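S.K.: If it helps, the file is called upload-v3.cif and holds mmCIF, C-alpha atoms and all ligand atoms:
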```
data_coords
#
loop_
_atom_site.label_atom_id
_atom_site.label_comp_id
_atom_site.auth_asym_id
_atom_site.auth_seq_id
_atom_site.Cartn_x
_atom_site.Cartn_y
_atom_site.Cartn_z
CA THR A 26 -8.96 10.98 25.71
CA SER A 27 -12.60 10.03 26.34
CA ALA A 28 -14.56 9.50 29.57
CA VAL A 29 -14.69 5.76 28.83
CA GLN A 30 -10.90 5.77 28.32
CA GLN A 31 -10.47 7.54 31.67
CA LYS A 32 -12.68 4.99 33.44
CA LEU A 33 -10.64 2.20 31.82
CA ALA A 34 -7.43 3.94 32.98
CA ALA A 35 -8.73 4.04 36.57
CA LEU A 36 -9.64 0.34 36.38
CA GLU A 37 -6.16 -0.43 35.07
CA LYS A 38 -4.49 1.61 37.81
CA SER A 39 -6.39 -0.29 40.54
CA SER A 40 -5.70 -3.66 38.86
CA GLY A 41 -1.90 -3.48 39.11
CA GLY A 42 -1.56 -4.76 35.53
CA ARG A 43 -1.81 -3.65 31.91
CA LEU A 44 -5.21 -3.55 30.21
CA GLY A 45 -6.02 -3.47 26.49
CA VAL A 46 -9.52 -2.89 25.13
CA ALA A 47 -11.02 -2.56 21.68
CA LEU A 48 -14.72 -2.12 20.97
CA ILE A 49 -16.33 -1.95 17.55
CA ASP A 50 -19.96 -0.87 17.64
CA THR A 51 -21.45 -2.01 14.33
CA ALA A 52 -24.37 0.44 14.80
CA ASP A 53 -22.04 3.19 13.51
CA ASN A 54 -18.68 1.37 13.06
CA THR A 55 -17.12 3.58 15.74
CA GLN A 56 -14.40 2.30 18.03
CA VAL A 57 -13.31 2.67 21.62
CA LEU A 59 -9.65 1.81 22.15
CA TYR A 60 -7.54 1.58 25.28
CA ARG A 61 -3.91 0.62 24.56
CA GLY A 62 -5.45 -0.46 21.27
CA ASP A 63 -2.11 -0.61 19.42
CA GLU A 64 -0.05 -2.25 22.16
CA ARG A 65 0.82 -5.94 21.90
CA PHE A 66 -0.56 -8.49 24.33
CA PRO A 67 -0.10 -12.27 24.54
CA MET A 68 -3.19 -13.86 22.97
CA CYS A 69 -3.09 -17.17 24.82
CA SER A 70 -6.19 -19.23 23.96
CA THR A 71 -7.93 -16.35 22.17
CA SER A 72 -5.72 -17.43 19.24
CA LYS A 73 -7.92 -20.57 18.94
CA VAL A 74 -10.47 -18.43 17.08
CA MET A 75 -7.99 -17.72 14.28
CA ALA A 76 -7.04 -21.41 14.01
CA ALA A 77 -10.65 -22.66 13.96
CA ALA A 78 -11.56 -19.98 11.40
CA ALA A 79 -8.63 -21.02 9.21
CA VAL A 80 -9.88 -24.62 9.18
CA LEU A 81 -13.40 -23.36 8.40
CA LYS A 82 -11.92 -21.48 5.44
CA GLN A 83 -10.23 -24.70 4.25
CA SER A 84 -13.62 -26.45 4.51
CA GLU A 85 -15.08 -24.04 1.92
CA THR A 86 -13.23 -25.97 -0.79
CA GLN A 87 -13.48 -29.36 0.97
CA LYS A 88 -17.12 -30.06 1.92
CA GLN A 89 -16.17 -33.09 4.04
CA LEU A 90 -13.13 -31.59 5.79
CA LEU A 91 -14.84 -31.12 9.17
CA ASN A 92 -15.56 -34.87 9.18
CA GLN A 93 -11.89 -35.78 8.65
CA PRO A 94 -10.49 -37.91 11.50
CA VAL A 95 -7.32 -36.99 13.37
CA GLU A 96 -5.49 -39.50 15.58
CA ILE A 97 -5.06 -38.57 19.25
CA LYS A 98 -2.09 -40.35 20.84
CA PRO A 99 -1.05 -40.39 24.53
CA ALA A 100 2.08 -38.44 23.57
CA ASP A 101 -0.11 -35.66 22.11
CA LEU A 102 -1.68 -34.66 25.42
CA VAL A 103 -0.48 -31.33 26.77
CA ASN A 104 -1.47 -29.35 29.88
CA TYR A 105 -5.24 -28.90 29.48
CA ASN A 106 -7.13 -31.54 27.54
CA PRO A 107 -10.66 -31.95 28.94
CA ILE A 108 -12.01 -33.34 25.66
CA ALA A 109 -8.95 -34.88 23.97
CA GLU A 110 -8.13 -37.08 26.99
CA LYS A 111 -11.42 -38.93 26.34
CA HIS A 112 -10.26 -39.86 22.82
CA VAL A 113 -6.63 -40.93 23.28
CA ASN A 114 -5.75 -43.96 21.14
CA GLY A 115 -8.74 -43.03 18.96
CA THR A 116 -9.66 -40.16 16.66
CA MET A 117 -11.53 -36.86 16.69
CA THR A 118 -12.88 -35.12 13.60
CA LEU A 119 -11.79 -31.60 12.70
CA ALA A 120 -15.28 -30.40 13.74
CA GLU A 121 -14.88 -32.13 17.11
CA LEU A 122 -11.42 -30.57 17.52
CA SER A 123 -12.70 -27.12 16.59
CA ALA A 124 -15.58 -27.37 19.08
CA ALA A 125 -13.26 -28.68 21.80
CA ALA A 126 -10.74 -25.90 21.23
CA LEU A 127 -13.33 -23.12 21.12
CA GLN A 128 -15.90 -24.25 23.68
CA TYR A 129 -13.67 -25.99 26.24
CA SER A 130 -10.31 -24.33 25.47
CA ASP A 131 -8.74 -27.76 24.87
CA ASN A 132 -5.02 -27.25 24.17
CA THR A 133 -4.46 -30.63 22.51
CA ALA A 134 -7.33 -29.81 20.15
CA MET A 135 -5.65 -26.52 19.28
CA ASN A 136 -2.41 -28.34 18.45
CA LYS A 137 -4.31 -30.51 15.97
CA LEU A 138 -5.81 -27.42 14.33
CA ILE A 139 -2.36 -25.84 14.09
CA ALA A 140 -0.96 -29.03 12.50
CA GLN A 141 -3.84 -29.07 9.98
CA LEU A 142 -2.73 -25.56 8.97
CA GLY A 143 0.96 -26.53 8.58
CA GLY A 144 2.18 -25.13 11.91
CA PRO A 145 1.89 -21.80 13.74
CA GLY A 146 2.95 -19.90 10.61
CA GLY A 147 -0.02 -21.37 8.72
CA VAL A 148 -2.33 -19.71 11.23
CA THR A 149 -0.47 -16.41 10.75
CA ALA A 150 -0.78 -16.86 6.96
CA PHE A 151 -4.55 -17.10 7.28
CA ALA A 152 -4.59 -13.94 9.41
CA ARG A 153 -2.72 -12.10 6.65
CA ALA A 154 -5.10 -13.48 4.00
CA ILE A 155 -8.06 -11.90 5.82
CA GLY A 156 -6.29 -8.54 6.24
CA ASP A 157 -4.83 -8.90 9.73
CA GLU A 158 -1.22 -7.68 9.51
CA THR A 159 -0.70 -7.72 13.30
CA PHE A 160 -1.56 -11.22 14.56
CA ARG A 161 1.35 -13.62 14.89
CA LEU A 162 1.30 -17.22 16.06
CA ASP A 163 4.83 -18.52 16.65
CA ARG A 164 4.46 -21.56 18.90
CA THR A 165 2.18 -24.49 19.68
CA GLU A 166 0.44 -25.30 22.98
CA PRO A 167 1.43 -24.96 25.77
CA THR A 168 4.43 -22.69 25.19
CA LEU A 169 2.39 -20.07 23.31
CA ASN A 170 1.11 -19.10 26.81
CA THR A 171 4.45 -18.04 28.33
CA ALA A 172 3.21 -14.43 28.01
CA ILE A 173 6.60 -12.86 28.82
CA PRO A 174 6.46 -9.05 28.94
CA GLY A 175 7.97 -7.53 25.80
CA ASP A 176 8.01 -10.86 23.92
CA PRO A 177 6.38 -10.39 20.51
CA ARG A 178 5.71 -14.13 20.06
CA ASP A 179 2.05 -15.17 19.98
CA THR A 180 0.75 -11.62 20.33
CA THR A 181 -1.65 -9.23 18.70
CA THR A 182 -3.15 -5.81 19.45
CA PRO A 183 -6.69 -5.19 20.71
CA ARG A 184 -7.47 -3.09 17.58
CA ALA A 185 -6.37 -5.85 15.20
CA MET A 186 -8.15 -8.64 17.04
CA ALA A 187 -11.43 -6.71 17.21
CA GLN A 188 -11.31 -6.00 13.47
CA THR A 189 -10.55 -9.66 12.74
CA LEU A 190 -13.27 -11.00 15.00
CA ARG A 191 -15.75 -8.63 13.33
CA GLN A 192 -14.78 -9.78 9.82
CA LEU A 193 -14.97 -13.45 10.83
CA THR A 194 -18.28 -13.39 12.71
CA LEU A 195 -20.23 -10.49 11.20
CA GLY A 196 -18.45 -9.82 7.89
CA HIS A 197 -17.41 -11.78 4.82
CA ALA A 198 -14.03 -13.29 5.71
CA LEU A 199 -15.76 -16.70 5.72
CA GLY A 200 -18.55 -18.17 3.60
CA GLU A 201 -22.03 -17.84 5.10
CA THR A 202 -22.25 -21.46 6.32
CA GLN A 203 -18.80 -21.20 7.89
CA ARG A 204 -19.52 -17.83 9.53
CA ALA A 205 -22.70 -19.28 11.05
CA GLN A 206 -20.77 -22.31 12.34
CA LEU A 207 -18.16 -20.09 13.98
CA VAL A 208 -20.88 -18.01 15.65
CA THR A 209 -22.66 -21.19 16.80
CA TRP A 210 -19.43 -22.44 18.36
CA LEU A 211 -18.67 -19.14 20.12
CA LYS A 212 -22.22 -18.84 21.47
CA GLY A 213 -21.85 -22.32 22.96
CA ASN A 214 -18.64 -21.47 24.83
CA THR A 215 -18.48 -22.98 28.35
CA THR A 216 -15.65 -20.86 29.77
CA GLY A 217 -16.93 -17.30 29.54
CA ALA A 218 -19.46 -16.47 32.28
CA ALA A 219 -16.91 -14.75 34.57
CA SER A 220 -15.21 -12.61 31.91
CA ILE A 221 -16.66 -10.05 29.41
CA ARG A 222 -20.14 -11.48 29.71
CA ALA A 223 -20.20 -10.96 33.51
CA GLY A 224 -20.11 -7.20 32.85
CA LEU A 225 -22.99 -7.14 30.36
CA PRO A 226 -26.73 -6.75 30.98
CA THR A 227 -28.16 -10.25 31.35
CA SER A 228 -30.73 -9.67 28.57
CA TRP A 229 -27.91 -9.39 26.01
CA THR A 230 -26.56 -12.45 24.19
CA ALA A 231 -22.96 -13.16 23.23
CA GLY A 232 -20.35 -15.61 22.07
CA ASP A 233 -16.78 -15.43 23.35
CA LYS A 234 -13.37 -17.05 23.57
CA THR A 235 -11.31 -16.73 26.76
CA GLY A 236 -7.59 -17.10 27.27
CA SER A 237 -5.15 -17.25 30.16
CA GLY A 238 -1.43 -17.76 30.61
CA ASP A 240 1.60 -16.94 32.70
CA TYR A 241 2.03 -13.40 34.08
CA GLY A 242 -1.58 -13.65 35.24
CA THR A 243 -2.60 -13.09 31.65
CA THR A 244 -6.40 -13.05 31.43
CA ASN A 245 -8.12 -12.45 28.08
CA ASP A 246 -11.51 -12.57 26.38
CA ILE A 247 -12.82 -11.74 22.93
CA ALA A 248 -16.56 -11.49 22.30
CA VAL A 249 -19.25 -10.85 19.74
CA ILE A 250 -22.26 -9.33 21.50
CA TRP A 251 -25.91 -8.83 20.54
CA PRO A 252 -27.30 -6.14 22.85
CA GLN A 254 -31.06 -5.82 23.34
CA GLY A 255 -32.40 -3.50 20.61
CA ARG A 256 -28.93 -2.66 19.22
CA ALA A 257 -26.68 -3.72 16.33
CA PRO A 258 -23.94 -6.18 17.40
CA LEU A 259 -20.70 -5.22 19.13
CA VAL A 260 -17.26 -6.77 19.01
CA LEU A 261 -15.22 -6.44 22.21
CA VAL A 262 -11.66 -7.48 23.03
CA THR A 263 -10.29 -7.29 26.57
CA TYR A 264 -6.67 -8.28 27.20
CA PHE A 265 -4.96 -8.13 30.59
CA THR A 266 -1.48 -9.03 31.80
CA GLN A 267 0.50 -8.55 35.01
CA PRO A 268 4.16 -7.96 35.97
CA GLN A 269 4.90 -11.19 37.90
CA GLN A 270 5.13 -14.63 36.28
CA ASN A 271 2.97 -16.37 38.89
CA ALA A 272 0.25 -13.70 39.11
CA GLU A 273 -3.35 -14.85 39.67
CA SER A 274 -6.02 -14.71 36.93
CA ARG A 275 -8.24 -11.62 37.02
CA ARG A 276 -11.41 -12.39 35.02
CA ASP A 277 -13.16 -9.79 37.18
CA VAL A 278 -11.03 -7.07 35.53
CA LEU A 279 -12.37 -8.12 32.13
CA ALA A 280 -15.93 -8.06 33.49
CA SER A 281 -15.28 -4.55 34.85
CA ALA A 282 -13.92 -3.37 31.49
CA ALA A 283 -17.00 -4.75 29.73
CA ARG A 284 -19.33 -3.03 32.19
CA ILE A 285 -17.58 0.32 31.61
CA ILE A 286 -17.99 -0.19 27.84
CA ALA A 287 -21.66 -1.18 28.17
CA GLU A 288 -22.49 1.77 30.44
CA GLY A 289 -20.79 4.09 27.92
CA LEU A 290 -23.02 3.14 24.99
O1 LIG B 1 -7.70 -23.40 31.95
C1 LIG B 1 -6.46 -23.51 31.62
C2 LIG B 1 -5.36 -23.62 32.61
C3 LIG B 1 -5.30 -23.63 34.00
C4 LIG B 1 -4.03 -23.75 34.58
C5 LIG B 1 -2.88 -23.85 33.78
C6 LIG B 1 -2.97 -23.83 32.38
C7 LIG B 1 -4.24 -23.71 31.81
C8 LIG B 1 -4.70 -23.67 30.50
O2 LIG B 1 -3.90 -23.73 29.48
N1 LIG B 1 -6.03 -23.54 30.36
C9 LIG B 1 -6.83 -23.46 29.14
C10 LIG B 1 -6.54 -22.13 28.45
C11 LIG B 1 -7.50 -21.08 28.94
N2 LIG B 1 -8.67 -20.79 28.34
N3 LIG B 1 -9.30 -19.78 29.07
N4 LIG B 1 -8.47 -19.44 30.13
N5 LIG B 1 -7.35 -20.29 30.03
#
```
I'd like the structure from this file rewritten - as structure tokens, please.

M.R.:
Amino acid sequence: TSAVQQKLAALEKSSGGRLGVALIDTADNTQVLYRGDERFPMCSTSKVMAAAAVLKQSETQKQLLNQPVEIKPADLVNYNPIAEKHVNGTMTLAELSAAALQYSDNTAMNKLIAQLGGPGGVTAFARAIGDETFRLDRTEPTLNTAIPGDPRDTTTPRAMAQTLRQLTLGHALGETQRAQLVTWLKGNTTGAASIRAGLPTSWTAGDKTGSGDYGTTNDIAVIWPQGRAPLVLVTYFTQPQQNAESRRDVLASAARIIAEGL
């Protein structure tokens, strides 16, 4: 047990919930894990895997991101800030990917999942890039039920950090596609209160947040510290009661502990 792990344990104890953290520092490829091999509900952090899977498809179909997808009134789910503007029309796969990643649009995610042949198609892509832990079982919104002990729609912090590293900094995607994913993540609108709130302001980052029942509050980030090689950081958090409040501040606190420990 490390000093950073003990600080994370104290944060967890004061939070009332269960915290999972995985850091990869690409300066030396070392890792800091806290409950790194425990499963957590991914919620909208799973949108990264779906968008990446569509990017991979686009490597053999140059025009795929320009392909239209019909948005019908019946398609709208519980959080559709972009898709609601386009009902009875179409959005391209690029537009859907940007909406899913940067606005956390749940209808957009469902269209990505459908383009991959269902939740299992997203899982298949995870396996193809070496992630043997990730599982997507359901569509939006039920993938956010986040029931304690339920393996559906879960991963571990260790696995998600590795995957995010391979996707954004490694060679899981072609260069153009990797750059597009990074561009999308860096343009996220939802992240200022989560991991990035705990980082020095001079640093830059891209991230994808998630939230669900059981006060589940998540964030996954690729981070460029000032004068340092990039980091990948996953912070997952979930609580014992179904109607628990979101705790983005806990993710910010975890990130600050990690940053102060470098
Ligand atoms: O922001 C929400 C939200 C609020 C209330 C109920 C359900 C949802 C919901 O699904 N999303 C989008 C998903 C999300 N992304 N980052 N945190 N939550």

S.K.: Check every protein, DNA and RNA residue against ligand LIG 1 (chain B), keep those with an atom at most 7 Å away (counting all atoms listed in the file), and present them as a list in words.

M.R.: residues 70, 104, 105, 130, 131, 132, 167, 216, 235, 236, 237, 238 and 244 of chain A

S.K.: Nearest residue to residue 157 in chain A out of A:189, A:128, A:182, A:83, using only C-alpha atoms?

M.R.: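 That would be A:189, the residue with the smallest distance to residue 157 in chain A.
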
S.K.: Need to verify the contact set: residue 290 in chain A, 10 Å, all atoms listed in the file, exclusion of same-chain residues closer than 4 positions in sequence. Can you return it as an NGL selection string?

M.R.: :A and (29 or 50 or 285-286)

S.K.: Which protein, DNA or RNA residues have an atom at most 12 Å from (-18.4, -18.6, 11.0), counting all atoms listed in the file? List them as a count of residues only.

M.R.: 36

S.K.: Which of these, A:98, A:65, A:73, A:164, has the shortest distance to residue 233 in chain A once you count all atoms listed in the file?

M.R.: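 Nearest to residue 233 in chain A: A:73.
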
S.K.: Record the distance separating CA of residue 274 in chain A and CA of residue 246 in chain A, expressed in Å with one decimal.

M.R.: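 Interatomic distance, CA of residue 274 in chain A to CA of residue 246 in chain A: 12.1 Å.
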
S.K.: Write out as a PyMOL selection string each polymer residue whose atoms come within 8 Å of range 217-228 of chain A, counting only C-alpha atoms; drop sequence neighbours fewer than 5 positions from it.

M.R.: chain A and resi 233-235+246-248+252+254+263+276-284+287

S.K.: Check the smallest atom-to-atom distance from each of A:187, A:95, A:169, A:49 to residue 138 in chain A using all atoms listed in the file, then report the winner.

M.R.: A:95

S.K.: Which residue, A:264, A:179, A:112, A:64, has the smallest gap to residue 149 in chain A when you use all atoms listed in the file?

M.R.: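 So, comparing all the options, the nearest one is A:179.
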
S.K.: Could you check the closest approach to residue 90 in chain A for each of A:34, A:102, A:122, A:135 and tell me which residue wins, using all atoms listed in the file?

M.R.: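 Nearest to residue 90 in chain A: A:122.
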
S.K.: Have a look at A:176, A:37, A:240, A:53 and name the one nearest to residue 259 in chain A; count all atoms listed in the file.

M.R.: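 Of the candidates, the smallest distance to residue 259 in chain A is held by A:53.
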
S.K.: Once N, CA, C and O atoms are restored for range 235-258 of chain A, what would the output be as a CSV table (one decimal), keeping the file's coordinate frame?

M.R.:
```
chain,number,residue,atom,x,y,z
A,235,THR,N,-12.2,-17.2,25.7
A,235,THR,CA,-11.3,-16.7,26.8
A,235,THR,C,-9.9,-17.2,26.5
A,235,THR,O,-9.6,-18.0,25.6
A,236,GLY,N,-9.0,-16.6,27.3
A,236,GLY,CA,-7.6,-17.1,27.3
A,236,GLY,C,-6.9,-16.8,28.6
A,236,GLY,O,-7.3,-15.8,29.3
A,237,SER,N,-5.9,-17.5,29.0
A,237,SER,CA,-5.2,-17.2,30.2
A,237,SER,C,-3.8,-17.8,30.0
A,237,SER,O,-3.5,-18.8,29.2
A,238,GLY,N,-2.8,-17.3,30.7
A,238,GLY,CA,-1.4,-17.8,30.6
A,238,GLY,C,-0.6,-17.3,31.8
A,238,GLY,O,-1.2,-16.8,32.8
A,240,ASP,N,0.7,-17.4,31.7
A,240,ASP,CA,1.6,-16.9,32.7
A,240,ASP,C,1.5,-15.4,32.8
A,240,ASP,O,0.8,-14.8,32.0
A,241,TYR,N,2.1,-14.8,33.8
A,241,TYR,CA,2.0,-13.4,34.1
A,241,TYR,C,0.6,-13.0,34.4
A,241,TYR,O,0.2,-11.8,34.1
A,242,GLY,N,-0.2,-13.9,34.9
A,242,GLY,CA,-1.6,-13.6,35.2
A,242,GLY,C,-2.4,-13.1,34.1
A,242,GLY,O,-3.3,-12.4,34.2
A,243,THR,N,-2.0,-13.6,32.9
A,243,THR,CA,-2.6,-13.1,31.6
A,243,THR,C,-4.0,-13.6,31.6
A,243,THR,O,-4.3,-14.8,31.8
A,244,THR,N,-5.0,-12.7,31.4
A,244,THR,CA,-6.4,-13.0,31.4
A,244,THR,C,-7.1,-12.3,30.3
A,244,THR,O,-7.1,-11.1,30.3
A,245,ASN,N,-7.6,-13.0,29.3
A,245,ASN,CA,-8.1,-12.4,28.1
A,245,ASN,C,-9.5,-12.9,27.8
A,245,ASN,O,-10.0,-14.0,28.2
A,246,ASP,N,-10.2,-12.2,26.9
A,246,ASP,CA,-11.5,-12.6,26.4
A,246,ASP,C,-11.8,-11.8,25.1
A,246,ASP,O,-11.4,-10.6,25.1
A,247,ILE,N,-12.3,-12.4,24.1
A,247,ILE,CA,-12.8,-11.7,22.9
A,247,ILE,C,-14.2,-12.2,22.7
A,247,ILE,O,-14.6,-13.4,22.7
A,248,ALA,N,-15.1,-11.2,22.3
A,248,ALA,CA,-16.6,-11.5,22.3
A,248,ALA,C,-17.2,-10.8,21.1
A,248,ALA,O,-16.9,-9.7,20.8
A,249,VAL,N,-18.3,-11.5,20.6
A,249,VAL,CA,-19.2,-10.8,19.7
A,249,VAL,C,-20.5,-10.8,20.5
A,249,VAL,O,-21.0,-11.8,21.1
A,250,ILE,N,-21.2,-9.6,20.6
A,250,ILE,CA,-22.3,-9.3,21.5
A,250,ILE,C,-23.5,-8.8,20.8
A,250,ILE,O,-23.3,-7.9,19.9
A,251,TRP,N,-24.6,-9.3,21.1
A,251,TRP,CA,-25.9,-8.8,20.5
A,251,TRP,C,-26.7,-8.1,21.7
A,251,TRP,O,-27.4,-8.8,22.4
A,252,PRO,N,-26.6,-6.8,21.8
A,252,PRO,CA,-27.3,-6.1,22.8
A,252,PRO,C,-28.8,-6.1,22.5
A,252,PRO,O,-29.1,-6.2,21.3
A,254,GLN,N,-29.6,-6.0,23.5
A,254,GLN,CA,-31.1,-5.8,23.3
A,254,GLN,C,-31.3,-4.5,22.6
A,254,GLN,O,-31.0,-3.4,23.0
A,255,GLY,N,-32.0,-4.6,21.4
A,255,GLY,CA,-32.4,-3.5,20.6
A,255,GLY,C,-31.3,-2.7,20.0
A,255,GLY,O,-31.5,-1.5,19.6
A,256,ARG,N,-30.1,-3.3,19.8
A,256,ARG,CA,-28.9,-2.7,19.2
A,256,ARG,C,-28.3,-3.6,18.2
A,256,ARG,O,-28.4,-4.8,18.3
A,257,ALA,N,-27.6,-3.0,17.2
A,257,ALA,CA,-26.7,-3.7,16.3
A,257,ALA,C,-25.6,-4.4,17.1
A,257,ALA,O,-25.2,-3.9,18.2
A,258,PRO,N,-25.0,-5.5,16.6
A,258,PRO,CA,-23.9,-6.2,17.4
A,258,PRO,C,-22.7,-5.4,17.7
A,258,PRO,O,-22.3,-4.4,16.9
```
